[PDB]
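Single-structure report; data block below.
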């Protein structure tokens, strides 16, 4: 119909290609860093308690 | 000549990577001062060269080369 | 995007699709994270959990871990298919 969907500016594709090449050149250390953050997430998991009472999940008015 | 064909292949790579026209990509100017290149874009150039035009440029040697003439000389000396 | 090299395939597919998937993840994640200001606590908890999990999935797992595993396993990632690490080296 008109001139509506057109690409303006080229700055995200270049940056994501940059981080992709960063992954490709060093796949060893990036994997161990990412899995290190993963373990930091996982060690909190086995200590986990639920609450079945919804009285403490509502306001008091 | 081998030099001009290697410069043409590299210029095709730099055209695909950082959007710089092959006409003024010449071996008489540097990368980071004139083309405004990054350190990770050198990694892009290296990886694309490895897959497309098979020749090995290792790590810690991208920083050794600064001009396009240096890179084409590095390719032709192998 | 395998045929023109496997890991140029990773950089090209990243530049082509990581932007789109990260944009979708970021919009949906911040839409879910704005639920935290609710006076109903349980809906805020569900929204914050989903949003924080989607930031973790988008930013550090799908953007850094999975392409790293694909680039580390190499041509064994596509077994039983027989793929090649690099194409035949074309002349100048």
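Every residue, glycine among them, receives a Cβ derived from its backbone with ideal geometry; neighbour counts consider all protein chains shown. Please treat every number below as a calculation from the coordinates, not as lab data.
Between residue C:21 and residue A:14, take the C-beta separation as r, use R0 = 22 Å, and let me know the FRET efficiency to the nearest 0.05.
Details: r = 17 Å, r/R0 = 0.78.
Approximately 0.80, to the nearest 0.05.
Tell me what chain A gives for mean residue ellipticity at 222 nm when only DSSP H runs of n ≥ 4 count, each as -39,500 (n - 2.57), the sum divided by the residue total, rounded to 500 deg cm²/dmol. All intermediate terms of the calculation are to be shown ahead of the outcome.
Values: 2 runs with 30 residues, N = 61.
That calculation yields -16000 deg cm²/dmol at 222 nm.
Approximating the spin labels as points 7 Å out from Cα along Cα→Cβ, the residue B:5-to-residue C:43 distance works out to 7.0 nm. Look at where the Cα atoms of segment B:11-78 and of segment C:24-92 average out, and the two centres are 31 Å apart.
Of A:6, B:44, B:12, how do they rank once you tally other Cβ atoms within 10 Å and put the fewest first?
On the way: A:6 5, B:44 27, B:12 15.
Arranged by neighbour count, lowest to highest, A:6, B:44, B:12 become A:6, B:12, B:44.
Summarised as an ellipsoid, segment B:1-43 has semi-axes of 17, 11, 10 Å, derived from the eigenvalues of the Cα gyration tensor scaled by 5 and square-rooted, with the largest first.
Would you tell me the mean number of C-beta atoms belonging to other protein chains that fall within 10 Å of each C-beta in B:41-52, as a whole number?
Working: counts 4, 2, 8, 11, 1, 3, 9, 7, 1, 7, 12, 7.
Other-chain Cβ atoms within 10 Å of each residue's Cβ, averaged: 6.
What the pair-distance distribution of the protein assembly as shown shows, using all Cα-Cα distances binned every 5 Å from zero, is 1, 5, 11, 13, 14, 13, 11, 9, 7, 5, 4, 3, 2, 1, 1, 0, 0, 0 percent. Helix content alone sets the calculated 222 nm mean residue ellipticity of chain B: runs of n ≥ 4 DSSP H residues at -39500 (n - 2.57) each, divided across all residues, give -16500 deg cm²/dmol.
Averaged over peptide C:69-76, how many Cβ atoms belonging to another chain are found within 10 Å of each residue's Cβ?
Mean partner shielding for this stretch: 3.
Give the angle, between 0 and 90 degrees and rounded to the nearest 10, that separates the Cα long axis of helix A:12-25 from the longest principal axis of the Cα atoms of chain A. Around 80 degrees separate the two axes. Counted by neighbouring Cβ atoms within 10 Å, the residues B:56, B:29 run from fewest to most as B:56, B:29. Arranged from fewest to most other beta-carbon atoms within 10 Å of their beta carbon, C:20, B:25 become C:20, B:25.
Remark on chain C: Rg and Dmax equal 18.8, 67 Å (Cα only).
What is segment B:1-64's relative contact order, in percent, from Cα pairs under 8 angstrom and six or more apart in sequence?
Details: 29 pairs, mean separation 17.4, N = 64.
RCO, segment B:1-64: 27 percent.
Histogrammed with a bin width of 10 Å, the alpha carbon distances of chain B distribute as 18, 63, 19, 0 percent, first bin at zero. Helix C:41-56 sits at what angle to the longest principal axis of chain C, using alpha carbons and giving 0 to 90 degrees rounded to 10? Long axis of C:41-56 versus the principal axis of chain C: about 20 degrees.
Here the spin labels are modelled as points 7 Å beyond Cα on the Cα-Cβ line, and at residue C:75 and residue B:21 they lie 4.1 nm apart.
Given a Förster distance of 25 angstrom, what is the FRET efficiency for residue B:30 paired with residue B:76, based on the Cβ-Cβ distance and rounded to 0.05?
Values: r = 18 Å, r/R0 = 0.74.
After rounding to 0.05, the efficiency reads 0.85.
The helix-only estimate of mean residue ellipticity at 222 nm for chain C, built from DSSP H runs of length n ≥ 4 each weighted as -39500 (n - 2.57), is -16000 deg cm²/dmol after division by the residue total.
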